[PDB]
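1. Just dropping in an experimental structure and the matching sequence.
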Amino acid sequence: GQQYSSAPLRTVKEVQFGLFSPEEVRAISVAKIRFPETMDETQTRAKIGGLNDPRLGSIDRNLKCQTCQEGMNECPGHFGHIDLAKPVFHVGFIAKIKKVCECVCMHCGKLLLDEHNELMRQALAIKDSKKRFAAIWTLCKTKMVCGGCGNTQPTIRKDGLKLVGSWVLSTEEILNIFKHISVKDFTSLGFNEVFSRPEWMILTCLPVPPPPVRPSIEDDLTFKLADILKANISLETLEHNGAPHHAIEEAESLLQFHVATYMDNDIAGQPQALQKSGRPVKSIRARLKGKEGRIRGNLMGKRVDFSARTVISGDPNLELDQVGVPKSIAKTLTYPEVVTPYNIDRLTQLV
Amino acid sequence: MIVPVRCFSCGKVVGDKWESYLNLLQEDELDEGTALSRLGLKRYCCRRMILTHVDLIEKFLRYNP
Amino acid sequence: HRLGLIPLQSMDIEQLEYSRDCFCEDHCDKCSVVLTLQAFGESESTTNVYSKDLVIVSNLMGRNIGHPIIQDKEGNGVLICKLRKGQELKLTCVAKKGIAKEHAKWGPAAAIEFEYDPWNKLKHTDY
Amino acid sequence: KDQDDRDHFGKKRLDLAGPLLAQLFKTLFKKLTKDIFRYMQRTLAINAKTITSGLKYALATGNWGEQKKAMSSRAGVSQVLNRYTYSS
Amino acid sequence: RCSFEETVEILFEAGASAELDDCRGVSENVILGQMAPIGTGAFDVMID
Amino acid sequence: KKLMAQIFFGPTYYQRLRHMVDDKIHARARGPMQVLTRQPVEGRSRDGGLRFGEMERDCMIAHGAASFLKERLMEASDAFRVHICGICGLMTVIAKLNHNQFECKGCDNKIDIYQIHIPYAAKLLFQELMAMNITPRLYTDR
Amino acid sequence: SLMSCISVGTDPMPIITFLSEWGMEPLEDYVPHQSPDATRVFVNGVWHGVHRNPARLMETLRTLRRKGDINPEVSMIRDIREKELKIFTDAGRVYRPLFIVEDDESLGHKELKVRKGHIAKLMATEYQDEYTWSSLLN
Amino acid sequence: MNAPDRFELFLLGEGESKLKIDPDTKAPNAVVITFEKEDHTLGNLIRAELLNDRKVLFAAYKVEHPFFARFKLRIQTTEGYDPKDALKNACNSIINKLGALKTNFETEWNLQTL
Amino acid sequence: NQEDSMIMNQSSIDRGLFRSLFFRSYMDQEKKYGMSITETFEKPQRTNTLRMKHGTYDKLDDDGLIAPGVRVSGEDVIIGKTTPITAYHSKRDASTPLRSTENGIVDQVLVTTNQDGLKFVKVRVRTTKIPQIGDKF
Amino acid sequence: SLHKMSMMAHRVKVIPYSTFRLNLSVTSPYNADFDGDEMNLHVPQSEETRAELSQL
Amino acid sequence: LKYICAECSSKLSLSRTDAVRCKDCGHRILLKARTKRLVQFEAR
Amino acid sequence: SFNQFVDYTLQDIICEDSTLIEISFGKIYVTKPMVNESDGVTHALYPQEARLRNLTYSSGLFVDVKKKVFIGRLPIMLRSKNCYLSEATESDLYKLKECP
DNA sequence: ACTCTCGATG
RNA sequence: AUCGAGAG
Ligand SMILES: Nc1ncnc2c1ncn2[C@@H]1O[C@H](COP(=O)(O)CP(=O)(O)OP(=O)(O)O)[C@@H](O)[C@H]1O
Ligand SMILES: [Mg+2]
Ligand SMILES: [Mg+2]
Ligand SMILES: [Zn+2]
Ligand SMILES: [Zn+2]
Ligand SMILES: [Zn+2]
Ligand SMILES: [Zn+2]
Ligand SMILES: [Zn+2]
Ligand SMILES: [Zn+2]
């Protein structure tokens, strides 16, 4: 099998889903990602201190891997992290985020209706998170004017990968808004305390998947992370140096684009972000979507050992509960039988 | 390819009766049935074996290698 | 294959022996009969290779055996192959004693006609 | 008068090697004279590999319309000749 | 529910709402590769 | 002995199709694995395994054979041992074996650690979810 | 099918010229109210005007095709009850060969234009190997 | 590929005896004899000749599977009559009839032409 | 012969009923690189080449090919090619093994240059297939 | 595998030739003829799981 | 070793570092000659 | 179809759609299937040799340019006008190792 | 919106 | 990886 661990063997009883807070993201990471260069650095078969660090996981059939060793067969994946020059949107939350901004006015950070209203009392009475959020979102998006801070809440609509306002919303702005919704307002619309917050839906810094996720025989995910890092550094270069008005914004939307398409590539937006080979590239979303996905294709059903397949034929001289098995298959397929005093002779003869 | 040496069904030798058969078709100007009958092919399995056969080796010999 | 199907003389086959029974390595003269075949395209026309071209090499030591049966009128026998102009076929054949139960090439008989009670008086058949 | 029969074979066409190679060659040749226009405005050195490699690619892969995966003709326009039987 | 039709989006909205999986569903233990509470595994075997 | 009923007997043109057994026959007992999912490779020509499909799983559920279903989905395919933090419940654990140094940067855990047996594809799913800013926290208690 | 063929495609221009030079009024000179029963002529889905007395024109065109002056591949559709004339030279059309039945037989009725003499000439060409399919088509 | 050797139809394997005499546990004074490397050719004949003996109560042969060249022959005789002796008498009868048939055919063949 | 299965006369089969010839071609080619790096056709030894195959190379000649007539079976090596990427183990293995489930006899070997001047080889192996239990008719 | 009778536990009988031989009366639950049909066979790897196969 | 041409009856013996083409021919199609070590065939 | 493409369509594609500003194109010449070897020697290619050596059975296009030139290679359908097998007899096919 | 088997081309 | 043909 593998090896002996001092830890007790336990069984997974509960699965608590949640969001990844940037704090916990950078706290979990074991390597910062500064260089977009993959492995080779100036004609050298090694790993530069940027992408694919030996800290994330060595890849040369060695015996060492981030001090913990254990080769590359025992060691799983050690996550990294990369800090974005500016916060961007998580694609799979684009809708949800856009809903939250409609349940809470701008600048302030408070629910439009409280226990003073008649219908809001009935909407906040539901214990089910999804049903509650769905009941409040429909009875709060009609509110234009507003605790105080009476501001005319703008009409927000979706456009590409940004958000507009009618009386263009910045991602940093929405970050600042979701940062001020506090705790009591989270329970009122599904979210959790320390597990999932709206201030974590937007991507401040994103975790970097280890080599056992994106191998090399380079993987598409490595290329896409290289694109994200490239856009990031190209953004930072245009920010620290000469910073025009209508030039760095395109870079912000570029980083937003690459990050958004890094996870989901089949969006309403026509740019599907092709690759060098003309391939539409494989996103993480496509890795899971059946039927060739990971869930339906590698978890619900997967290829197994100790199996066989052959053309069938009828046999009048076989019993009902019998099966005619070819000799070659019989020699191929095998069964592990422990040596006991009852069968030691027979097993010895078989060996 | 070439005329099968023996009939599949029964086992009668029919490989030595090919050329003769051809003669009985072109030299004596007979029909296939009588030609097959004269060669001692009474059973229709051997009769088939010769009548049904196509000599493809002649087209094969048309190449120089 | 068709070489295997060539009818050979099996008169004194009873004083020949199985190769699996003989105490010799592979085969010998007491168990097997070796006969060669050397053909080559000579004329511009197609050069036929019959069973008469088979030449016994091994020592028959008296036993009537190995000789390929030729019931052919012209005396050619089974048409084995055909050669073009410069095509050559050189090989050797080791013939052994065998049962038709093992392979149909060792079949001594062809079709055996068999019929009992032509009037169905036993009523073994419902017409 | 009733609705037109959209399944009528008479109002349908079958494009063989001719029309397909015609579209393909038109594309590759227009691309060729385009590139030649570029070489001309840069200033006999005509990249003939365009037409050759293009035709060869579209005939080998079966993907009609050079190297652009946006093609709806990805259903294998050119296929390996089945030679299992003469009738096949 | 992720093991049928809408896969990724279900995981997304389940990650946003911070749901709790009881892991007593068949396909869930199938994913976890554990002996699911099915027929034979619908109980426990101890010693007395 | 004669046969009662007489038999329709005669020549008929039959053809031999391309599907022969020795080109179809296949059997594998622990063979080559893939690299991404660590599961048996696809194909007879690559000495691969056969997919225990969803419908097969459904059949084994209908039968009630849970242990068999677990065997097909672990020992027969990909069976992997992972370490889980007792706090956040993620695969952040740096398990330095042969030294018993089970570290966890982010929660400072060195004594409250766990070890579970899951398919490598499940570990892949969890990691891919983690890289997609989702935390599939795995607790081992009710 | 065994005899089906695909239309190579030819030039419709000489057909157009023929039509215009054979009693076909231009479409720009068409007055519907003073000639309602005028058969409109189509060529490759294009209206080139109408034409009175379409029977003579149709027999002329058909004769020209059967002779070979017009490409035998070109299709010609005379729609009586719809009063339309659709000529198609379009490439990609799937057509098939057919025997021609004409009632030009004096001492008889509606008979095939092909006779046993033609067949005898065909089998003469077959046994010799000058009278081929093209000769039948022409 | 998985096809067995042809000679396995008439050549006895390693340790395989020609005959296997087994005491039938069903009816008393009965026996089941396993013939190896033999088919219907011998079985049908022996069985048919075991029915001619009027001191034989039961006699039946069967080939349990066409893949394998072997057949079982069950014999039941009257008390005071060992079935092996019935088999021996049947066999000798067969041999005698065959010999007489050979002699007859030879004498009949010596009187023919062409 | 129930449920669309059939019984065939083994005797007639032995006489060549529904027998067939099966030819299979394996095509390999020597690679080329910008700095004149070329893969070579040869019969490499276990000490001079990396990885190698589990099958034997004893049927290969000096040119790293099989002489037509030699019987092959299992995972035998048909074409021997190496790619170079002092030092021990200076070559990588690129040999082509016979099909794991197939067998037969090397029918004919073809050695020819490519359009770009690359020495490439097509090896045709022959196997006679005899109608067995399970063959589709 | 439409219903549970598409996967059933059988007793092995090693035989020559390269075919999965099955009884005629087991055709119906599998819905299978012999005009080229192919079946799969899986093997248990412990006593408890083969107990599951044999007893269920 | 030795080789034989395709579209002509020759008998080249050009080993490695030679290859194409042929002796007094012009074509590059070269087949390999039959082995000297004979193989037996069970005439069945 | 292929003959129609070669003898008519090609010229239309070249002439009716291309002119630069000048260099006007003229007639199009389609040769017989040839091969430019690495040896440098260009020679006639026969289908058998094409299939054996993994070559492409294609001819060369040549256009007259005003104010001749090689513009590429067109794959040739077998038994077409620009194929050696069309005017070939049975014995010729046998000699060319092509099945009649 | 089920298992297989080959081929091709990047 | 994709595509094409085929097996129940
Ligand atoms: N997409 C698909 N999904 C599942 N099964 C399929 C399939 N396509 C074909 N099959 C299987 O292929 C089989 C086809 O066999 P058929 O010969 O068509 C039955 P039949 O001959 O009409 O019945 P009979 O044997 O009772 O006379 C079907 O029974 C089906 O199970
Ligand atoms: Mg059926
Ligand atoms: Mg079927
Ligand atoms: Zn590690
Ligand atoms: Zn406010
Ligand atoms: Zn016969
Ligand atoms: Zn001997
Ligand atoms: Zn932790
Ligand atoms: Zn030569």
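-> Perfect, thanks for sending it. Residues are numbered from 1 along each chain as shown, chains lettered A, B, ... in the order given. Ligands and ions are numbered 1, 2, ... in the order given.
2. ok, the residue of chain H found nearest ligand 9 to residue A:137 distance?
-> Here the residue of chain H nearest ligand 9 is residue H:1; by CB to the ion that distance is 41.3 Å. The C-beta positions use only the backbone N, C-alpha and C, and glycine is treated the same way. Noted for residue H:1: a distance of 67 Å to residue A:137, by CB to CB, to the nearest Å.
3. picking up where we left off before, list the contacts for the residue of chain H closest to ligand 9?
-> A:328, F:21-22, F:25, I:132, J:18 (CB atoms under 8 Å, 6 or more residues apart in numbering or on different chains).
4. Which residue ranges of chain C form strands?
-> Applying DSSP state E to chain C gives strands spanning C:8-10, C:32-40, C:47-49, C:55-56, C:65-68, C:81-83, C:88-96.
5. Dump those to a markdown table, plus mean neighbour count and distance to ligand 6.
-> Formatted as a markdown table, these follow (neighbours: other CB atoms under 10 Å in any protein chain shown; distance: least, CB to the ion, whole Å):
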| stretch | mean neighbour count | distance to ligand 6 |
| --- | --- | --- |
| strand C:8-10 | 18 | 20 |
| strand C:32-40 | 17 | 27 |
| strand C:47-49 | 18 | 24 |
| strand C:55-56 | 14 | 29 |
| strand C:65-68 | 19 | 21 |
| strand C:81-83 | 18 | 23 |
| strand C:88-96 | 15 | 24 |
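6. and of those, who's closest to chain H?
-> Nearest to chain H, of all the strands of chain C, is strand C:88-96, at 11.9 Å by CB to the nearest CB.
7. just checking, residue I:110 is part of a strand?
-> Yes - Residue I:110: assigned to a strand according to DSSP: H, G, I helix; E, B strand; the rest coil.
8. Can you give me the neighbour number for it?
-> For residue I:110, the tally of surrounding residues (other CB atoms under 10 Å in any protein chain shown) stands at 21.
9. which ones are touching the nearest residue to it once chain neighbours are set aside?
-> Among residues not flanking residue I:110 along the chain, residue I:122 sits closest, at 4.5 Å (CB to CB, 6 or more residues apart in numbering or on different chains). Residues near residue I:122 by CB under 8 Å, 6+ apart: I:25-27, I:109-110, I:112, L:52.
10. For residue I:122, pull up the helix or strand it's in.
-> Assigned by DSSP states H and E, residue I:122 belongs to strand I:119-129.
11. Can you tell me the strand partners of that strand and which way each runs?
-> strand I:20-29 (antiparallel), strand I:103-113 (antiparallel) (DSSP bridges).
12. nearest to ligand 4, of those?
-> Here strand I:20-29 is closest among the strands paired with strand I:119-129 (CB to the ion), at 39.6 Å.
13. Go through that closest one and flag the buried ones.
-> Across strand I:20-29, burial judged by 16 or more other CB atoms under 10 Å in any protein chain shown covers I:26, I:28-29.
14. do the same with stretch G:63-72
-> Using 16+ other CB under 10 Å as the test for burial, stretch G:63-72 gives G:64-65, G:70-71.
15. now swap in stretch D:9-22 and tell me
-> D:17-22.
16. How about it and chain G, any contact?
-> Yes - judged by CB under 8 Å from any CB of the partner chain, stretch D:9-22 and chain G are in contact via D:9, D:12-16, D:18-19.
17. Select, from the residues you listed, the two members most distant in space.
-> Of all pairs drawn from the residues of stretch D:9-22 next to chain G, the widest gap by CB to CB lies between D:9 and D:18 and measures 19.6 Å.
18. residues in contact with the closest residue to chain H within chain I?
-> Chain H sits closest to residue I:132 of chain I, with a gap of 6.3 Å, by CB to the nearest CB. Contacts for residue I:132 were tallied using CB under 8 Å, 6+ apart; they are F:20-22, H:1, H:3, J:17-18.
19. can you put the residues you listed in a markdown table and add distance to residue H:35 and secondary structure?
-> Formatted as a markdown table, the contacts of residue I:132 follow (distance: CB to CB, whole Å; DSSP: H, G, I helix; E, B strand; the rest coil):
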| residue | distance to residue H:35 | secondary structure |
| --- | --- | --- |
| F:20 | 34 | coil |
| F:21 | 31 | helix |
| F:22 | 32 | helix |
| H:1 | 29 | coil |
| H:3 | 23 | coil |
| J:17 | 23 | coil |
| J:18 | 28 | coil |
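20. Show me what the longest helix along chain H packs onto, helices and strands only.
-> As assigned by DSSP state H, the longest helix anywhere in chain H is helix H:83-109. Judged by 3 or more CB pairs under 8 Å, 6 or more residues apart in numbering or on different chains; DSSP states H and E, the packing partners of helix H:83-109 are strand H:30-36, helix H:40-50, strand H:70-77.
21. List, one by one, the residues from the stretch 251-351 of chain A near chain D.
-> So the stretch 251-351 of chain A meets chain D at A:274, A:278-280 (CB under 8 Å from any CB).
22. Try it again at 10 Å.
-> Contact residues (CB under 10 Å from any CB of the partner chain) of the stretch 251-351 of chain A with chain D: A:272, A:274, A:277-280.
23. Leaving out chain neighbours, which residue sits closest to the residue in chain C positioned nearest to DNA strand M?
-> With CB to the nearest atom of the strand as the measure, residue C:1 is the residue of chain C nearest to DNA strand M, at 26.9 Å. In space, and not counting its chain neighbours, residue C:1 is closest to residue I:16: 6.0 Å by CB to CB, 6+ apart.
24. mind listing the helices for chain L?
-> With DSSP H as the criterion, chain L has helices spanning L:2-4, L:10-15, L:47-52, L:90-95.
25. I'd like to know which of the ones you listed lies nearest to residue I:91.
-> Closest to residue I:91 of the helices of chain L is helix L:47-52 (CB to CB; 29.3 Å).
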